[PDB]
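Notes follow the structure.
Here is the naming used below: chain letters follow the sequence lines, and residue numbers restart at 1 for every chain. Each ligand, and each atom within it, is numbered from 1 in the order the structure gives. Just so it is clear, the values below take in all heavy atoms, side chains as well, and ignore hydrogens, waters and symmetry mates.
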Amino acid sequence: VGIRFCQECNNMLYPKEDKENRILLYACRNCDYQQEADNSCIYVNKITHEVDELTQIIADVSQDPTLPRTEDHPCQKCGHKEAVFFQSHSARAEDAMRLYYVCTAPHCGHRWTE
Amino acid sequence: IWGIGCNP
Amino acid sequence: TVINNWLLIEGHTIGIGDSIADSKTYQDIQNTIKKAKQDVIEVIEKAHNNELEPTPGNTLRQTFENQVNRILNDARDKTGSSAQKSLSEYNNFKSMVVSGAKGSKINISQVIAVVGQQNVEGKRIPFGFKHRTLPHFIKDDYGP
Ligand SMILES: [Zn+2]
Ligand SMILES: [Zn+2]
């Protein structure tokens, strides 16, 4: 799935089929280094590109005065009442008016979507 | 200045 | 000629008293606006809870915008109708609109009841600032 680099020249490896043993390899084109492929998957493309934006949401966002917050939804970890909520804030999000929530109070940063 | 169907 | 001299007799004018409506009319306009704002709040809550479902040929954003615009326009029309009911026979805004000399019922309504939705490029006022319309409003506020 991910990209891995050569251990000699730190260039980009490329996948190559081993014709004898039928084992996927990654070989650097600028040298002779070769490493067997462990993942066995190469090119994955998510056309719907459904990605949880909770990975793209920063905890620091809880410090923004310009965002709205409610005391209705408490946090799961610490049970803090303040929770600052906001929409996708992303282009090409398909159609999503879902509210994402970020916990206020220091260092918790827990994010839930309801 | 009125609405979406009117004028601006 | 003859109608202008009769007008010298009868006379015609426009004043503040034409713009003023009954107290009951103003109360009804306020109640209609309150109900519309509450309905827009309800629609926004439905969208936030993901209850809203896209209208065919429209995205969820587009269908939400259309529903909110419909609610706001219906409230605006109802307030305008209340203002126009308030108008007396002697009212001179109504005189000019009825004669067709100048003005329209839209102008009477805006003068007396509600100016209405301000739309740029066929959409409500855009989020010119970062995810908000003006710095005074909180981010992601789709209310009226
Ligand atoms: Zn190499
Ligand atoms: Zn928390």
Value for CD (C:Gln67) from CG (C:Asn58), rounded to nearest 0.5 Å, stands at 10.0 Å
Between A:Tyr101 and A:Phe85, how do the two ring planes meet: parallel, tilted or perpendicular, split at 30° and 60°? tilted
Looking at residues at least two apart in the chain, or sitting in another chain, which of them share a side-chain hydrogen bond (donor to acceptor under 3.5 Å, both in side chains) with A:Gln7? A:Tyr33
For the Zn ion (ligand 1) the protein N, O or S atom count under 2.8 Å stands at 4
Salt-bridge test for C:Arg124 and C:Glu65: reply yes if a basic N is under 4.0 Å from a carboxylate O, no otherwise. yes
Which pairs, with at least one residue in residues 86-113 of chain A and sequence neighbours excluded, count as a salt bridge (charged side-chain N to carboxylate O under 4.0 Å, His left out)? none
Whether C:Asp74 and C:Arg70 form a salt bridge (side-chain N of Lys/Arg under 4.0 Å from carboxylate O of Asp/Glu) is what I want to check. yes
May I ask you to list the protein N, O or S atoms found at less than 2.8 Å from the Zn ion (ligand 2)? A:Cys75 SG, A:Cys78 SG, A:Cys103 SG, A:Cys108 SG
Looking only at side-chain N and O atoms, does A:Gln87 offer a donor or acceptor that is under 3.5 Å from a partner on C:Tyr142? yes
Do A:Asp64 and A:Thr66 pair up side chain to side chain, a donor and an acceptor below 3.5 Å, judged on atom types alone? yes
Sidechain N-carboxylate O distance under 4.0 Å for C:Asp28, C:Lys78: no
